Amino acid sequence: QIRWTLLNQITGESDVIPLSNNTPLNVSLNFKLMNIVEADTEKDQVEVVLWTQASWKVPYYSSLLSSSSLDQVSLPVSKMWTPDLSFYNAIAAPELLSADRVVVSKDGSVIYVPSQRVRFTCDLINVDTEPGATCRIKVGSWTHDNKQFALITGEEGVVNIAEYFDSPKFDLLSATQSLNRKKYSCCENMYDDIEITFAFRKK
Amino acid sequence: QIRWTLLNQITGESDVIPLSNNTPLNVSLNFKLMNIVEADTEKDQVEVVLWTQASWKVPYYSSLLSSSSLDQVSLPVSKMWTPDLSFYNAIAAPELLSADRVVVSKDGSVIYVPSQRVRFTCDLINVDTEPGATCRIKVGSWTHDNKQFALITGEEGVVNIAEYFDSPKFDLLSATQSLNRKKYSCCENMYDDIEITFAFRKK
Amino acid sequence: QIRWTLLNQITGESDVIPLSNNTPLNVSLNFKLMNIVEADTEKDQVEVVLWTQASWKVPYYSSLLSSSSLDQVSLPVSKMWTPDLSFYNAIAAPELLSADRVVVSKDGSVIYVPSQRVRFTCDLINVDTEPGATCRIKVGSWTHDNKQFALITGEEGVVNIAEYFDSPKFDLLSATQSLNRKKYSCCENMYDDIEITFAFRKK
Amino acid sequence: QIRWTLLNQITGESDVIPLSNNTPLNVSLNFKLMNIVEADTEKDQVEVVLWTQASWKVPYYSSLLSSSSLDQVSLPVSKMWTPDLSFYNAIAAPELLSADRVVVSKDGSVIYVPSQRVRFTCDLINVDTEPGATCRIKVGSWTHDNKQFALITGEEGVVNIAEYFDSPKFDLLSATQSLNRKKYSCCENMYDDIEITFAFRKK
Amino acid sequence: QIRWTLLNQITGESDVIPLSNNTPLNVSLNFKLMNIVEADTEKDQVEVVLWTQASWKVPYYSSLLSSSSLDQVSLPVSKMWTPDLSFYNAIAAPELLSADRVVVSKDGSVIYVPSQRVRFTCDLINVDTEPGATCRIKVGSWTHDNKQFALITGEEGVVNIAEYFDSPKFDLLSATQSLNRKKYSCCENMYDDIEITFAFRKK
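Protein chains in written order, with PDB author numbering: chain B, 1 to 203; chain A, 1 to 203; chain E, 1 to 203; chain D, 1 to 203; chain C, 1 to 203.
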């Protein structure tokens, strides 16, 4: 149902980011904060459910469906390169809540939306006040610098991090994101990250 | 015991939904709500034990058995494509409680019945009243739109979710399911989901 | 030090229950309840440590040792078909506590003894009284109906479920087992199961 | 660096205990109790950190290095057979806290030292008194009987189980062991075990 | 996009530490203490988030990129030998929080930075006084002695373990790291270890 032999090159190359020429791969990231599921005021720790909507394009993947009546194909994440996103301020390993699959379209654009439960520390002293408590989540490639992996995000038009939030216990008061590019001790080059700031209080 | 060389095609193709023609694959789901194992009123979270009874048919699979004594065969889930059903409102990774195997019939129809412990948020303010609290569970394919993967109510109808329910702690008042479809941001086509709605109260 | 090439066939057929002709495979199950390690009266949930002693025979396995001074050989579970036993009433995935290995004898009989911590719902309202609380553990193949997989067990001799029980916190008052056979609403045929009934109380 | 094609035989045979003749492999086990990290008096459960020092010899492994400048080689456990030690009285799966690797010397000697966190039941009624609480840990092969796998242990004067013990919460009062050989029911031959007995009290 | 065939040799050799000559491999380590996420004074147990910055050089790896546009390449850890660093005094298995990948440079140096949550025991008697409680973490190779694996200390600073520290619950008062060498039972050769010592208190 697909060009199966191509898929063997694709998985064969999966250890390495798929670059064309020298150009950085643009990886588009958008976030949806879905729910806050722990707000532990004694430990000062929060758990959220977050959907990371990631997409990138590898033109040579377009041959996968060229001869197929499929418009797109869903494939296990293990079959190709996917971004090594890490939460820089996670204090427990994020827990995947969705199927570990990506969708490839006819033009080679790839879409990947892990839904994860993520824990981090946050000062919850004001969580039961009208302004609420303000928390941040930082996400970026752990190992691909910005010469190879460049973060892009939605337009000031389309960004709506709180769009689908729903909780019977907490009110989500605001949610914004910055796109950052920083030098660290390890490496020649800089790393891109997006950081979400949000505020919430108890209902 | 079976046509082993066919299994090599079946496993070989297991990354991709098995379609023929354009036609979406029909996947029927029925559910058994077995137990409500937590209802935490301070966090507004509920954990249930749920069997998902999923079936679909792949004509070419029928040759697996046609010349063997066996009327059906049970195989590990890793040997073929299986639906990537996710609980859209899950707040923890569902925990599999039963052996991960499917059963293939002589005509190539397949049955898969995972038992899973699933956690999600619910407003429990009324859990201790006669009408009780109403909770919803949303299930659908994470990455196959309804051009490829169509959900249908299975043979048992919408009416037998509570058949095996047993708890010393909770009364299950009612349970039904409804089939819906939604437009998502990522994609042009809609996704099918089945939504389970149940009411329960403390004993 | 065994007939390795025969292991190629054994492992090659490990997806499928090893039948000779049409006859169902006799799988014998005996149990030892070792301990009760949680009895939560607020949640009504018990955790036990249980050994399931399972044995079956596959005559063609006898060639594995025919050439060797080994009387029996221990092998990884993954190298052959083993029974897909499940706890029908588990509310958490069972935790294996022992080496995942089976032993094949020179006559091709196979012994598999998993030790597992298993959690289930039990009404514990009477756990701190003289008669104690009565709990049940249901065990059977998840996907092999009784036309393929026949459960058998010890007579009134060899059956002593409480033989090794030790707990500083609970008295095991009595444990019994009973073979049963049920048809399920999802499914055509009947499945064998053994139900273990036990009573315990606080020391 | 090493005779790589030898390792192909070593890994190839890794499913099965490496005997020569029909002599049991001698497996030497010594223990170091490092710490007691849980003593829950409400549940009468203890957790310890324990180093198990295992070693055995497989003369044919000597060719792995005989032409190498390496005096010994550290390898992943998955590359060769290792003893299937179980804690016969564990109530949770022991958690590995150290790298899963063995060291093979020039003579074919193998050393494997896992550090594990292990939970057991123990009557803690006297933990806060002078006699302390006395606990036992029993360890042996789960599936290799003493016709194949024979335990040996420290030349009874260099058995010092308490040697590196260190805790700010508990005094280890004593720790000894014995080497036992017992008959089991599935089992026509006997199984070796070492039982550690220790007494501790709250500081 | 790289020299794939060379990667076959690198992975083929991944079981074994990469030495040239009889020279010890220099493995450089620096640490960043990110957070203290638990200090349980009842149990005298501490959890921290720590980045371990490791680097080492393997000259023959330089041919991986020789003919490529990439100045460096990120690869999954499973593709090459990486150090078997263990927390000698961990009381629970360290939890990895970051993507499991390394970066290989044009000259064959390798960078690996695991973020981990690590638990250990610490006398917390003084955690709530001005000088605070002093804790220690010991890191080194579990199975590579210092004739094969030599520890050298990080490239930027030695008291700046705290560069990224942030906690709403605790003040970090001091942090230092120090190289040591310790002799063990198993081995006629010594193992290097780095000991982080830090003092912290409740805010």
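Ideal Cβ placement from N, Cα and C applies to all residues, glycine included.
Determine the chain A residues that contact residue i at a beta-carbon separation under 9 Å, and present them in chain order.
i, result
"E95 of chain B", "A92, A93"
"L19 of chain E", "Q1, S69, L70"
"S86 of chain E", "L97, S98, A99, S115"
Hey, how far is the Cα of residue i from the Cα of residue j?
i, j, result
"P24 of chain B", "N35 of chain A", "51 Å"
"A199 of chain A", "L33 of chain A", "12 Å"
"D166 of chain C", "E38 of chain C", "13 Å"
"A99 of chain E", "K138 of chain D", "14 Å"
"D192 of chain C", "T52 of chain C", "16 Å"
"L70 of chain E", "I111 of chain E", "16 Å"
"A93 of chain D", "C186 of chain A", "42 Å"
"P131 of chain B", "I125 of chain B", "11 Å"
"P83 of chain C", "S68 of chain C", "27 Å"
"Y184 of chain D", "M190 of chain D", "7 Å"
"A90 of chain B", "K203 of chain D", "36 Å"
"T129 of chain D", "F170 of chain D", "12 Å"
"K43 of chain B", "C122 of chain B", "9 Å"
"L96 of chain D", "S115 of chain D", "6 Å"
"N180 of chain B", "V127 of chain B", "27 Å"
"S20 of chain D", "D145 of chain D", "16 Å"
"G12 of chain E", "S66 of chain A", "20 Å"
"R101 of chain B", "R101 of chain C", "20 Å"
In chain A, which residues lie with their C-beta within 7 Å of the C-beta of residue i?
i, result
"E13 of chain E", "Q1"
"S63 of chain E", "Residues of chain A passing the Cβ test: none, with the nearest at roughly 18 Å."
Span of the beta strand (DSSP E) holding residue i?
i, result
"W4 of chain D", "Element bounds for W4 of chain D: not the beta strand (DSSP E) but the alpha helix (DSSP H), 4-12."
"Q45 of chain E", "45-57"
"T134 of chain D", "133-141"
"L97 of chain B", "Per DSSP, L97 of chain B belongs to no beta strand (DSSP E) and is neither H nor E."
"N30 of chain C", "25-40"
"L75 of chain D", "72-76"
"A150 of chain E", "149-152"
"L85 of chain D", "85-87"
"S109 of chain B", "109-112"
Would you list the residues sitting across from residue i in a DSSP beta bridge?
i, result
"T176 of chain E", "E:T197"
"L124 of chain B", "According to DSSP, which records beta bridges pairwise, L124 of chain B is partnered with nothing at all."
"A90 of chain D", "D:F120"
"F170 of chain D", "D:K202"
"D145 of chain A", "BP columns for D145 of chain A are empty, so no partner."
"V16 of chain A", "According to DSSP, which records beta bridges pairwise, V16 of chain A is partnered with nothing at all."
"residue 216 of chain E", "Limits of chain E in this structure are 1 at one end and 203 at the other, which puts residue 216 of chain E out of reach."
"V158 of chain B", "In DSSP, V158 of chain B forms no bridge with anything."
"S115 of chain C", "C:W51"
"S105 of chain B", "B:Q72"
If the cut is a Cβ gap below 7 Å, which residues of chain E does residue i touch?
i, result
"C135 of chain D", "What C135 of chain D touches in chain E: nothing, since even the nearest Cβ is about 11 Å away."
Taking the Cβ atom as the reference point for each residue, do residue i and residue j lie within a distance shorter than 9 Å?
i, j, result
"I161 of chain C", "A175 of chain C", "yes"
"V16 of chain B", "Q1 of chain C", "yes"
"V118 of chain B", "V27 of chain B", "no"
"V113 of chain C", "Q72 of chain C", "no"
"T153 of chain D", "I194 of chain D", "yes"
"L6 of chain A", "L85 of chain A", "no"
"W81 of chain A", "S14 of chain A", "yes"
"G108 of chain C", "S74 of chain C", "no"
Residue i touches chain C at which residues, Cβ-Cβ below 9 Å?
i, result
"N8 of chain B", "None at all; the shortest Cβ gap to chain C is about 13 Å."
Please list, in chain order, the chain C residues whose beta carbon lies closer than 7 Å to that of residue i.
i, result
"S185 of chain B", "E156"
Which residues in chain B have a C-beta closer than 7 Å to the C-beta of residue i? List them in chain order.
i, result
"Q53 of chain C", "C186"
Name the chain A residues that come within less than 8 Å of residue i, Cβ to Cβ?
i, result
"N22 of chain E", "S69"
For a contact defined as C-beta to C-beta under 9 Å, what are the partners of residue i on chain E?
i, result
"residue 210 of chain D", "The requested residue 210 of chain D does not occur in the structure, where chain D is confined to residues 1 to 203."
If the cut is a Cβ gap below 8 Å, which residues of chain E does residue i touch?
i, result
"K147 of chain D", "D71"
Which residues in chain D sit within 9 Å of residue i, going by Cβ to Cβ distance?
i, result
"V103 of chain E", "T143, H144, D145, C186, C187"
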